[PDB]
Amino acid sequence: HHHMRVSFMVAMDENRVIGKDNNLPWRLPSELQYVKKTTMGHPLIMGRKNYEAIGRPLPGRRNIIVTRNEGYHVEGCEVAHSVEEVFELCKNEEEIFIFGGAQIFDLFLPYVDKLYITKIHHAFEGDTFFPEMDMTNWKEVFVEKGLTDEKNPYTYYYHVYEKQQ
């Protein structure tokens, strides 16, 4: 139905960990620079817990917060309460980025077209995971080594996948 391309933005470890105590388990500013680069001028779709961990709006992108809380408001952000209400707010967007966390990944699971996933080669302690996925009809179309250095102390790779509709 939806006219906008539903994309997933995620970084996860060797065991699909994406979260530790409502926080990222690693510090990788270069990966965030890639995220900022890839997502510029596009909607970011965030579960309320994800947004509040980030703490403030992110520049040059539509910020959309998913919550059941009907009284919930945030400055320079937009609040949706259902997948459909998002599709409404995004009815004229070309591409949209589901940005997390896990509950919000689960929610949009059946709608994903494209998949921007950063794979990190390390086993972090974590409580929050990226959902298991049926990769039938999916094709890896891109992969490249991330920048490892003093400020980015881990080995990671940028993967992009596309569902053959």
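Residue positions are given as counts along the sequence shown, with the first one as 1.
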Checklist entry - With respect to the recorded C-alpha B factors, which stretch has the higher mean value, 81 to 89 or 68 to 76? => result 68 to 76
Item to check | Entry-level comparison of average CA B-factors, 54 to 62 and 102 to 110, reporting the higher stretch | outcome: 54 to 62
Next on the checklist: How does the C-alpha B factor of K119 compare with the rest of the chain: lowest, middle or highest third?
Outcome noted: lowest
Checklist entry - Among the modelled residues of its chain, does the C-alpha B-factor of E31 lie in the lowest, middle or highest third? => result lowest
Next on the checklist: Can you tell me whether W138 has a C-alpha B-factor in the lowest, middle or highest third compared with the other modelled residues of the same chain?
Outcome noted: highest
